[PDB]
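A lone chain, given as structure tokens: the form deposited without the ligand.
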């Protein structure tokens, strides 16, 4: 997250860190959202490599013991059947991970609230991005979870030529684009939390930023629109 503020320890309890095994150690690569005690939602692109993955729930500082973490293996990866690694702009950047065991819920580990199917946010709706991703273009990961206020940009504006043009699809949410605040590498797969009827719900899965940099004026961060995939998510969980 570029231009964020440090998140409080108990603000975003559905956020997870998706990590891969790197020799003798584990490295954060993506975010995700805990959606059941044994299922995580993340970006398909985060799991294209055939690595060993684990999920950490209850994480705040990647590099220190917080006394709240639970570490769990990934038992099954279900990528959207239409995902194409070579065409991120086509969409379908969503995957579900079945965890090897159920996590324990507490004030640091809670399920994310999903929107109703088909829900579209008005322009300039209040949302926050969270993650441990780079804090500057071509910078370094955050140690502590960051948040940034990232209001939505509706499809008509986002798909206009001075924004993203035809690269964005109606199956995506755009947020931000002020040139100061954005997602960045290592935020991928994580949530966009948006306030609807008094409750934060997870409306986006972080998918991509510009090749020119993370925080680029009129190139909002782009998310998979979770409300486009409710039927798919429910079908996967019911059959696995």
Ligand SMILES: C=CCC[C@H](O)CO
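Positions refer to the first chain, counted from 1.
One more form of this protein exists, namely the form solved in complex with the ligand; it is left out here, but the text below deals with it.
Looking at 59-67, 33-41, 194-202, 173-181, the stretch with residues near the ligand in the deposited bound form, meaning non-hydrogen atoms within 4.5 angstroms, turns out to be 59-67. For a residue to qualify, one of its non-hydrogen atoms must sit within 4.5 Å of the ligand in the deposited bound form; none of 121, 153 and 218 qualifies. Scanning 114, 141, 78, 103 against the ligand in the deposited bound form with a 4.5 Å heavy atom cut-off leaves one residue, 141. Under a 4.5 angstroms non-hydrogen atom cutoff, the ligand in the deposited bound form has residue 19 among its neighbouring residues. Of all the residues from 2-27, those having a non-hydrogen atom no more than 4.5 Å from the ligand in the deposited bound form are 19, 26, 27.
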